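Colleague:
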Amino acid sequence: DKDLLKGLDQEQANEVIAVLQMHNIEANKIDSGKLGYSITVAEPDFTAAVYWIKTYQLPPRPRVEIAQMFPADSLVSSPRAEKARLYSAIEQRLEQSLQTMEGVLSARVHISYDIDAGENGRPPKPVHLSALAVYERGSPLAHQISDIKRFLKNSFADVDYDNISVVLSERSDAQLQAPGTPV
Amino acid sequence: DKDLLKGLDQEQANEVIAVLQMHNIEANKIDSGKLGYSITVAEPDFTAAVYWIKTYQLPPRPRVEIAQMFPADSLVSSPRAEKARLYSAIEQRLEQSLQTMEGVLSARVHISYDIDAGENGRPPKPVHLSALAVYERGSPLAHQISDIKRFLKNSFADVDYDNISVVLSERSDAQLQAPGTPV
Amino acid sequence: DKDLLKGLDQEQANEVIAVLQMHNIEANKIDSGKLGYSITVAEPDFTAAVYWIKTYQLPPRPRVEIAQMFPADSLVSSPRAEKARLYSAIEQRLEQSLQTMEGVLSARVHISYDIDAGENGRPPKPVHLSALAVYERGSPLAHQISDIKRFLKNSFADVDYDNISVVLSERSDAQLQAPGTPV
Amino acid sequence: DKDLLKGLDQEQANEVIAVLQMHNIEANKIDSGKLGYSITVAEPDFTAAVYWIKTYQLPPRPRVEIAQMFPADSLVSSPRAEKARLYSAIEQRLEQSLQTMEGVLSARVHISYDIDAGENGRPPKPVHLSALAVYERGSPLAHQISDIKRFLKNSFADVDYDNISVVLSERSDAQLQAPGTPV
Amino acid sequence: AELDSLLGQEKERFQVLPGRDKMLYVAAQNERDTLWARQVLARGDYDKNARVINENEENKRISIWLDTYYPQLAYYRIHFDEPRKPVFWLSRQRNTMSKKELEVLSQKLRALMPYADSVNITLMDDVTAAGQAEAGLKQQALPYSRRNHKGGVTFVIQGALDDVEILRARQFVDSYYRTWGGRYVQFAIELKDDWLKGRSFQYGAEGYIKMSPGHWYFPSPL
Amino acid sequence: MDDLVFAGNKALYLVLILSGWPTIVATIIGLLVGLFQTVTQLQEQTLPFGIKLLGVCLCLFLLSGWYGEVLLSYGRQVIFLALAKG
Amino acid sequence: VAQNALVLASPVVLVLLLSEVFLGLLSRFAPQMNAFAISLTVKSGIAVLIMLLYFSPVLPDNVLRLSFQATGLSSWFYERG
Ligand SMILES: CCCCCCCCCCCC[N+](C)(C)[O-]
Ligand SMILES: CCCCCCCCCCCC[N+](C)(C)[O-]
């Protein structure tokens, strides 16, 4: 067996295994504890595994959230940092609420950070929102965009339906059968 | 066997292997732990491997992100540094969102850093955005540019379709068969 | 055997081997660890190797980036030093993105550093950009300049197509066959 | 054998050997480690070697760059020093980019430092540039000056083709045959 | 040890042909495959003589030879869909030749291509070429201008074009060139700070009048 | 503008230069006398004043000239910067 | 108005405090040393030296960031008739 990756985290290893199985590559996950997880494949599949790891840029990076740039640990905060942390927390709470709607599998949301200027001495601009979501197969997407827009409109003091962008997509085909082992 | 490179990390080693295999050069990756990875090739292929290593400027460098220029540890922070960190986080969060769309394999995004001025005493300029993305084979690229533009437009307080540049490309042919061993 | 160079870096040695092989000079790379790499050639080829080392001014130097001139570890940053670091990070991030386009092997980019005056009390001047890039053989360069200009235009607050210079070139012939050994 | 020089650097020794060989003088390079390199020749060639060492003023002096006069390790900086370091790094980065064009071996660039004055209360003067380059044999120099001028023009806020001087030259004949040994 | 056994597990990807000069020719489809083949030979995995070829390289080489011995021949492209029987497209209007001359030309081409059994010469219509070009631009709804010369036609596409237009344009041009080659129609794509996209007018007492084309253009304030 | 910034900076720079030497010698004399009074235990407190008065006056005698040349040159410079505009 | 002045002066006060406590701690080894009278000799030199480094930003740090501007009239006044 040839070593592809070592010292992976659990959430990275399961992502790599998922992507390789989709392309008919049988892979093995090994645990070394404090040294993390290792991924191995057979020689006939080594080349392909390398090319897919490059093409998808695996292993995945950790997820970024704006509150990481402005830790509360400091004794000081300008208005700008506090306002940034506030919006960075609303974004997360809206995503967690949308995941509870009927049929939605995952979603992601973005808000206009008008705080990139202080709005000092100046009138504050209107809010803009964008959302992405994935649905179960056989969902009437057209008739479901309305509900999302209606829900998001009232989460802020001033939002127009014109200023809300929504993009929906369906789940891909299920990978249920196991890949074949090299002869 | 001749030594090409030593002391690689994991993500450099796998990129070098990928690029050599594409040109029919069989290579071997060895792990020395604290000494990193080593890459070796046969003599008949040494010349070619040297020429490609030069042409592609391998091994690759690490990714650059603007937040590396403005550590939060400094005793003083001008507005300029805070605003820079903010934008440099938004860029990364958008990239990570685009990778969730249907068919997109990877992408990159750029924002106009007007933070190169404070806009102290001046009315603030409009935002400009650029995106690059790679798609699965058989995707109607023309019909998919619309989705990207729509999604990006509402992520900022003031953006015009005229100010958004989008460039798309397809995945190259898959490298599935293994290279031949020197006679 | 005669010693040409000693105490080289890895990246600095593989370039010398590449340049000598191109001219039919068989060379050997030896590792002394803490003393670095050494390059050796046969006597019949010594004269030629000396002439080429002079002509190309080998070994190559380290690459320069403006941020090296204004280290972030200073006690204080003038607005000049902050603004310079900022631009010198955007340049690198753009080069790394251009290398991801289809067919581009390598590229370089330059921005007009208007910061050589503070623009304090002055109306700030427009930005100018230049780029160089190398393509795979058989690329219609004329048709590909458009994409690059389009992509760069929106990365900044104010840029005109007239102010962007782009120069493209193709890869040289591949060096695949090994040089002959002196009789 | 008579001693010509002692305590050389590697880069000084190889330049001396190259110039002696060009005039048909067989020379020997010896390594004493911490004491550096020594160069020796036969008596019949001693006189000539002395006359050429005088004529070329060997060994070469180290390369000069303006940043060396204003080390960044100072605890104080005037605006003038900062501005000088800036320009002294742009010059180097441009020379390093020009060496990547098609078939350029080496190049040099110079920029007009207005920094020797503040241009105090005056509209600051426009920038001027000069460049030198060495091409491979069989290059249409006339057609290649245009590209260089075009590339340089957009690297700065205000440059006129009239203010750019470019001087090009071809490489000399190759020194491939070895010198004859004294009888 | 045959050569096909050395090129890989996929077999149909390459095509091996014998030639009258007693040399093997390997036909490839693209640059990447071409290098995948060339590595085998230059490494020396094979002992006899062999060579790698593709359509673009051979088009170039043949054009270089035509430039010397037939410096006034008007022609389009040579197609190698069936590498044993190439097809050479000549202009009907621009060439005057006898049947005998055409036959001689055929034989000399056959002498340049030792892997081909015969060369078929076909006459094509210039109006057809030009028409298919213009229809493809109208079909994509790109803005353009046409200019005619005794030996060619130019289409110029310029202005502040949109991303979608750029994409569709570049796809079309890439497709057409593969069929007809560059020798007769040129497409030029140039971005400008011009929202009219190359149109121009003058305002007189009679209102607007369309300007002739030219180099200079009015950069839009709008 | 830059003339204003330059002149204001120079003012502080000249203060620093002129005042620096007297304050140095008054420091060194303060440290030496304070140490001496621990090396031999004596609890006087006017002795520093008595010595440092002579110390400061002596260097005012020494530097009396350079003080006037520096200030004249500065005054002429700033009068030029103020009035010579065209 | 008070806050902006303290925020701006803070860098010089801290260094002048640390300079005095450093002499206080030094005095523990030589109790006849008049650390107060020494500090009076030092502090005016230190104060000018330090203010001379952070001097140039004093241009922009006032010309814009503190100047009143006409858009502010909306909030400081209203019409009561
Ligand atoms: C307690 C003395 C304070 C003196 C402050 C002024 C110092 C400059 C005196 C003038 C120049 C020197 N001198 C000897 C001519 O007096
Ligand atoms: C308090 C600053 C130092 C004391 C000197 C003040 C300037 C006095 C006038 C200087 C005249 C010089 N002189 C005699 C050559 O004309």
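Chains as they are written, first to last, in the authors' numbering: chain 6J, 20 to 202; chain 6I, 20 to 202; chain 6H, 20 to 202; chain 6G, 20 to 202; chain 7H, 171 to 392; chain 1J, 1 to 86; chain 1F, 177 to 257.
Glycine included, each C-beta is placed from N, C-alpha and C at the ideal position.
1) In its own chain, which residues sit with a C-beta less than 7 Å from the C-beta of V185 (chain 6I), not counting the 5 before and 5 after it?
2) Please report whether the beta-carbon of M120 (chain 6I) lies at a distance below 9 Å from any beta-carbon of chain 6J.
3) Nearest by alpha-carbon distance to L235 (chain 1F): which of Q196 (chain 6H), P98 (chain 6H), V178 (chain 6H) and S131 (chain 6H) is it?
4) Measure the alpha-carbon distance for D237 (chain 1F) versus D92 (chain 6J) and round it to whole angstroms.
5) CB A152 (chain 6I) to CB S125 (chain 6I), shorter than 9 Å?
6) For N139 (chain 6G), go through chain 1J and note every residue whose CB falls closer than 7 Å to its CB, in chain order.
7) For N33 (chain 6G), which of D50 (chain 6H), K25 (chain 6H), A161 (chain 6H) and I44 (chain 6H) has the nearest alpha-carbon?
8) Short check: CB of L105 (chain 6G) to CB of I134 (chain 6H), under 9 Å?
9) Against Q76 (chain 6I), what residues of chain 6H qualify as contacts under a CB-to-CB distance less than 8 Å, listed in chain order?
10) In chain order, what residues place their C-beta within less than 6 Å of a heavy atom belonging to ligand 1?
11) Just how far apart, CA to CA, sit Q115 (chain 6H) and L54 (chain 6I)?
12) Compare the C-beta of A108 (chain 6I) with all C-beta atoms of chain 6J and state if any pair is closer than 9 Å.
13) Is there a C-beta anywhere in chain 6H that falls below 9 Å from the one on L184 (chain 1F)?
14) Assuming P284 (chain 7H) and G368 (chain 7H) form a contact by the criterion Cβ under 8 Å, report the distance between their Cβ atoms to the nearest whole angstrom.
15) Which value, in whole angstroms, describes the spacing of the CA atoms of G199 (chain 6J) and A37 (chain 6J)?
16) Going by the CB atoms, is the gap between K21 (chain 6H) and residue 10 (chain 6H) shorter than 9 Å?
17) Under DSSP, the alpha helix (DSSP H) around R169 (chain 6G) begins and ends at which residues?
18) Considering only the alpha carbon of each residue, which of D191 (chain 7H), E172 (chain 7H), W206 (chain 7H) and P253 (chain 7H) lies closest to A193 (chain 6H)?
19) Return the residue from the list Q118 (chain 6G), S107 (chain 6G) and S158 (chain 6G) that minimises the CA-CA distance to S188 (chain 6G).
20) Can you list, in chain order, the residues of its chain whose CB lies under 8 Å from that of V25 (chain 1J), leaving out five sequence neighbours each side?
21) Between the C-alpha atoms of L117 (chain 6I) and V123 (chain 6I), what's the straight-line distance to the nearest angstrom?
22) Rounded C-beta distance between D364 (chain 7H) and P389 (chain 7H)? I'm assuming under 8 Å.
23) Inspect the CB distances between the region 185-204 of chain 1F and the region 61-78 of chain 1J and report whether three or more fall short of 8 Å.
24) Listing by chain order, which chain 6H residues have their CB less than 9 Å from the CB of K48 (chain 6I)?
25) What three-state label does DSSP hand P98 (chain 6I) in the structure shown?
26) When the cut-off is 9 Å and only beta carbons count, does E101 (chain 6I) lie next to chain 6J?
27) Looking only at its own chain, which residues have a Cβ that is under 7 Å from the Cβ of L177 (chain 7H), when we skip the five neighbours before and after it?
28) Would you tell me roughly how many angstroms separate the C-alpha atoms of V257 (chain 7H) and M41 (chain 6J), rounded to the nearest one?
29) In the structure shown, what three-state DSSP assignment does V178 (chain 6G) receive?
30) Which runs of the alpha helix (DSSP H) at least 4 residues long sit entirely within the region 181-256 of chain 1F? Give them in chain order.
31) Is the closest heavy atom of ligand 2 to the C-beta of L16 (chain 1J) under 8 Å?
32) Within 10 angstroms of the Cβ of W71 (chain 6H), are there 16 or more other Cβ atoms? Answer buried if so, exposed if not.
33) Candidates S345 (chain 7H), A198 (chain 7H), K192 (chain 7H) and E227 (chain 7H): which alpha carbon is nearest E180 (chain 7H)'s?
34) Give the interface partners of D363 (chain 7H) over in chain 6H, defined as CB-CB distance under 7 Å, in chain order.
35) When DSSP builds the beta bridges, which residues end up paired with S188 (chain 6J)?
36) If contact is defined by three or more beta carbon pairs under 8 Å, each pair taking one atom from either stretch, is the region 29-46 of chain 1J in contact with the region 2-18 of chain 1J?
Modeller: For this structure:
1) Position 166 of the second sequence, counted from the first residue, corresponds to residue 185 (chain 6I). Answer for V185 (chain 6I): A150, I164, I167 and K168, listed in chain order.
2) Residue mapping note: residue 120 (chain 6I) aligns to position 101 of the second sequence, counting from 1. Interface annotation, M120 (chain 6I): in contact with chain 6J, CB-CB separation under 9 Å.
3) Along the seventh sequence, one-based indexing puts residue 235 (chain 1F) at 59. Among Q196 (chain 6H), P98 (chain 6H), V178 (chain 6H) and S131 (chain 6H), the Cα nearest to that of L235 (chain 1F) is on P98 (chain 6H).
4) Against the seventh sequence, residue 237 (chain 1F) aligns to sequence position 61. Against the first sequence, residue 92 (chain 6J) aligns to sequence position 73. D237 (chain 1F) and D92 (chain 6J): Cα-Cα distance of roughly 28 Å.
5) Here the question's residue 152 (chain 6I) lines up with position 133 in the second sequence. Here the question's residue 125 (chain 6I) lines up with position 106 in the second sequence. Yes. Within cutoff.
6) Counted from its first residue, the fourth sequence places residue 139 (chain 6G) at position 120. Residues of chain 1J whose Cβ lies closer than 7 Å to the Cβ of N139 (chain 6G) are, in chain order, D2 and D3.
7) Position 14 of the fourth sequence, counted from the first residue, corresponds to residue 33 (chain 6G). It is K25 (chain 6H).
8) Taking the first residue of the fourth sequence as position 1, residue 105 (chain 6G) is located at position 86. Taking the first residue of the third sequence as position 1, residue 134 (chain 6H) is located at position 115. Contact check for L105 (chain 6G) against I134 (chain 6H) passes: the beta carbons are separated by less than 9 Å.
9) Taking the second sequence and counting its residues from 1, the one referred to as residue 76 (chain 6I) is at position 57. For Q76 (chain 6I), the residues of chain 6H that pass the 8 Å Cβ criterion are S125, in the order they occur in the chain.
10) The filter returns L60 (chain 1J), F61 (chain 1J), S64 (chain 1J) and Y67 (chain 1J), in chain order.
11) Taking the third sequence and counting its residues from 1, one reaches residue 115 (chain 6H) at position 96. Taking the second sequence and counting its residues from 1, one reaches residue 54 (chain 6I) at position 35. Spanning the two alpha carbons is a distance of roughly 27 Å.
12) As a working note, residue 108 (chain 6I) is residue 89 in the second sequence. Yes, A108 (chain 6I) counts as interfacial toward chain 6J.
13) By one-based count along the seventh sequence, residue 184 (chain 1F) stands at place 8. Not an interface residue.
14) Sequence index remark: in the fifth sequence, residue 284 (chain 7H) carries index 114 (1-based). Sequence index remark: in the fifth sequence, residue 368 (chain 7H) carries index 198 (1-based). Rounded, the Cβ-Cβ distance is 49 Å, inconsistent with contact.
15) Position 180 of the first sequence, counting from 1, holds the residue named residue 199 (chain 6J). Position 18 of the first sequence, counting from 1, holds the residue named residue 37 (chain 6J). When rounded, the distance between both Cα atoms is 15 Å.
16) Nothing in the structure corresponds to residue 10 (chain 6H), since chain 6H is present only between 20 and 202.
17) Stepping through the fourth sequence from its first residue, residue 169 (chain 6G) is reached at position 150. Annotation for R169 (chain 6G): the continuous alpha helix (DSSP H) segment containing it runs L160 to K172.
18) The count along the third sequence starts at 1 and reaches residue 193 (chain 6H) at position 174. With distances taken between CA atoms, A193 (chain 6H) lies nearest to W206 (chain 7H) out of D191 (chain 7H), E172 (chain 7H), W206 (chain 7H) and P253 (chain 7H).
19) Working through the fourth sequence from its first residue, we reach residue 188 (chain 6G) at position 169. Cα-wise, what sits closest to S188 (chain 6G) is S158 (chain 6G).
20) On the sixth sequence, position 25 is the one that residue 25 (chain 1J) refers to. Answer for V25 (chain 1J): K52, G55, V56 and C59, listed in chain order.
21) Locating residue 117 (chain 6I) in the second sequence gives position 98, counting from the first residue. Locating residue 123 (chain 6I) in the second sequence gives position 104, counting from the first residue. Looking at the two C-alpha atoms, the distance is approximately 7 Å.
22) Position 194 of the fifth sequence, counted from the first residue, corresponds to residue 364 (chain 7H). Position 219 of the fifth sequence, counted from the first residue, corresponds to residue 389 (chain 7H). Indeed they touch by this definition, with Cβ atoms about 6 Å apart.
23) Per the Cβ contact rule, the region 185-204 of chain 1F is not in contact with the region 61-78 of chain 1J (fewer than 3 Cβ pairs under 8 Å).
24) Position 29 of the second sequence, counted from the start, is the residue given in the question as residue 48 (chain 6I). Within 9 Å of the CB of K48 (chain 6I), no CB atom of chain 6H is found; the nearest one sits about 16 Å away.
25) To locate residue 98 (chain 6I), count along the second sequence from 1; it is residue 79. Under the three-state reduction of DSSP output, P98 (chain 6I) falls in the helix class.
26) By one-based count along the second sequence, residue 101 (chain 6I) stands at place 82. With 9 Å as the cut-off, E101 (chain 6I) counts as an interface residue toward chain 6J.
27) As a working note, residue 177 (chain 7H) is residue 7 in the fifth sequence. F184, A207 and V210.
28) Residue mapping note: residue 257 (chain 7H) aligns to position 87 of the fifth sequence, counting from 1. Residue mapping note: residue 41 (chain 6J) aligns to position 22 of the first sequence, counting from 1. Rounded to whole angstroms, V257 (chain 7H) to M41 (chain 6J) spans 44 Å at the Cα level.
29) The count along the fourth sequence starts at 1 and reaches residue 178 (chain 6G) at position 159. Looking at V178 (chain 6G) - three-state DSSP - the assignment turns out to be coil, as it is neither helix nor strand.
30) Whole alpha helix (DSSP H) segments, 4+ residues: 211-229, 236-239 and 249-252.
31) For this step, residue 16 (chain 1J) is matched to residue 16 along the sixth sequence. Placement of the Cβ of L16 (chain 1J) at a distance of 8 Å or more from every heavy atom of ligand 2 is found.
32) Stepping through the third sequence from its first residue, residue 71 (chain 6H) is reached at position 52. Burial call: buried.
33) Position 10 of the fifth sequence, counted from the start, is the residue given in the question as residue 180 (chain 7H). Per the Cα distances, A198 (chain 7H).
34) Translated into the one-based positions of the fifth sequence, residue 363 (chain 7H) becomes position 193. What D363 (chain 7H) touches in chain 6H: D179, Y180 and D181.
35) Numbered from its first residue, the first sequence carries residue 188 (chain 6J) at position 169. Residue pairing of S188 (chain 6J) in beta bridges, as defined by DSSP: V153 (chain 6J).
36) Contact annotation: the region 2-18 of chain 1J does not touch the region 29-46 of chain 1J, with fewer than three C-beta pairs closer than 8 Å.
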